[PDB]
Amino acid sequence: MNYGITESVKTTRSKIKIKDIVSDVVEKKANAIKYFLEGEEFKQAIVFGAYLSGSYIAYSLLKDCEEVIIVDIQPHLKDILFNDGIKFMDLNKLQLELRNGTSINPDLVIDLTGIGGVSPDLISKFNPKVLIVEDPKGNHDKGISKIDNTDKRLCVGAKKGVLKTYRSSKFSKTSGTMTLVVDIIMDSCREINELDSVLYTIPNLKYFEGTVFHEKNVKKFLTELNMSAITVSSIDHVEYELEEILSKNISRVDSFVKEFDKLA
């Protein structure tokens, strides 16, 4: 900790970093999938969508899956991959290998693309034992519900599930990792600002999605996540309360896979 303009004001940066919030949310999504799979083993798993939770989710499936393949429409996202054991395939390469080849016949398909993502037509080409589709919808919004087609994507699999992620007692427009991280920080700032002696509270946010998809720079994106989530200007010490508010907001994240019953 340091001082601000003069020694009468303190500047406190949270120990909790943006990457720590991202890690907690992705781990909750990976654990939801793990719980839903009930320790079942698979020959080949295909995970659509590398950013932002896909990387850690694919890595978490290596223990029970002989082969894990991440599929992404953006080839540069091979850089966001967690481990060498995860195979990366461009959408162009997958489509080609499906038409002319027998190497692709997964028993576990996980769709994490969400809004404007994979089409139900591509999903229908598979015949897995388990199909998991991530529902990008958070709390109610007409515009988001209209563009969402999660139900149409659950067209294959003996066992089907929908990965849902919300914040308990708080409003979020989507279940997206980025949306949730931003909402956790924003909600923490509003409460932090009400602590006695606080002058102002800064959420250290920027359009991180732009660094990944517009600048096509995964390395820079990961560096940007290394910043303290919040910076506070105050007369008195707030370091304790600052981590407790952030932690409380991170703990509200609840992720689970809802099983979709289809008897045939």
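From 1 onward, residues are counted along the sequence shown.
Averaged over CA atoms, B-factors in the entry run higher in 255-263 than in the other of 255-263 and 3-11.
Legend: mean Cα B-factor per stretch from the PDB entry, 98-106 versus 68-76; the higher mean is in 98-106. The PDB entry assigns the greatest CA B-factor among 158, 180, 112, 189 to 158. Across 173, 87, 167, 164, the entry's maximum B-factor at the CA atom is seen for 87. In the PDB entry, a CA B factor belonging to the middle third of its chain's modelled residues is recorded for residue 141.
Sort the chain's modelled residues by C-alpha temperature factor and residue 49 lands in the middle third, per the entry.
In the PDB entry, residue 202 places in the lowest third of its chain by CA B-factor. Sort the modelled residues of the chain by CA B factor and residue 124 lands in the highest third. Among the modelled residues of the chain, residue 193 sits in the lowest third by CA temperature factor in this PDB entry.
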